[PDB]
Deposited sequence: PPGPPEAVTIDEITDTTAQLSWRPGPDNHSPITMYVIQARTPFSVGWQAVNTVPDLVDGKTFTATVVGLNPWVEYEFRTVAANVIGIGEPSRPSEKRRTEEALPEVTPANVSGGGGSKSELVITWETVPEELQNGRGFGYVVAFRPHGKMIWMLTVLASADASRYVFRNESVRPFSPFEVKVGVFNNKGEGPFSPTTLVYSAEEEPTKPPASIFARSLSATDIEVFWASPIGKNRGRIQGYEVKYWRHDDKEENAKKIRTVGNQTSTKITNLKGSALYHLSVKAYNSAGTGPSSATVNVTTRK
């Protein structure tokens, strides 16, 4: 296998391209027939191969152009020569050198949203990776409009780390569809927008209480509670069961929550031969509804 090539230098650097040069290393009694070039950045995971011109570098070429680099990233480079035997030892790395800035080009992935409290529209996205921001002053532009309308409303978020925006206004009807895209910008200029997606605003909280509530004591620490769903009313994600010992204030109560359609539950780790008060509430992404009547049950022993 071949020895390490030497003297890797960065002769030119633009926003996405660099011109590199190097000098041959010992070939170890076998003809050197190829050079490959690797790059390392703070964000790459160690050394990676790069695209070059010529797309394949022979053993006679000691300089080459590297393409498809990220704007505004710090780069080191090294070269490796190859024999017929195998791949050689990597060179020592070149000096570090930062590419120039450019317009941003990558929009955030997984633009979505939903939920929230009354009068809200909740919009979420994944922050654009740092090696893809292409320059200082990187931020987002959240564009949203009611489905069926023409005017886009625009919010700027100066912070590259922003992953979430909440719009609240009386104009927002409950569970209404908005068209949503998220764009990017940096000091060099404005970049593209994500593909439009549909996001629904916050839904209405439950409006009716659970009915037909009662409980049964099983052991001295376990009771069972049953209710019926309300009739009419809102969407219901589960129930909040609220319980407290006869000797505590109601505001000291513990709460457990329920997910799905179960219209019953089981409370544990209670004190025996003691009275307990309970009440149930429906909830959804927007909050909780009215409370059932309070029911009274005593533990077994």
Ranges lacking C-alpha coordinates, please, mapped onto the deposited sequence and listed in sequence order. 233-234
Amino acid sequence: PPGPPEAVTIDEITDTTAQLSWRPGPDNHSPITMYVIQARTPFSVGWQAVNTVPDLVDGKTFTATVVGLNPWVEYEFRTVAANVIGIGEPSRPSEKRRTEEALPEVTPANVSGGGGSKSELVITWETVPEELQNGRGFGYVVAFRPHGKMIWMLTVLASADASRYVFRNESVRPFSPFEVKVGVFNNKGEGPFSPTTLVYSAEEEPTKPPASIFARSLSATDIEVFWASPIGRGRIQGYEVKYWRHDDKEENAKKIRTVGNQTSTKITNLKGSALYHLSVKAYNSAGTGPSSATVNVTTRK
From here on, numbers count along this sequence of modelled residues.
Check the entry's C-alpha temperature factors for 252-260 and 27-35, then say which stretch has the higher mean. 27-35
Look over 212-220 and 145-153 in the entry and identify the one with the greater average Cα temperature factor. 212-220
Out of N110, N83, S163, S176, which shows the largest CA B-factor listed in the entry? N83
Among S44, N70, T52, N269, which residue carries the highest C-alpha B-factor recorded in the PDB entry? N269
Is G88 in the lowest, middle or highest third of its chain when residues are ranked by C-alpha B-factor? highest
Rank-wise, by C-alpha B-factor, drop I231 into the lowest, middle or highest third of its chain. highest
Just say lowest, middle or highest third for the CA B-factor of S119 relative to the other modelled residues in its chain. highest
Assigned third (lowest, middle, highest) for the C-alpha B factor of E74: middle
CA B-factor placement of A64, once the chain's modelled residues are sorted into thirds: lowest
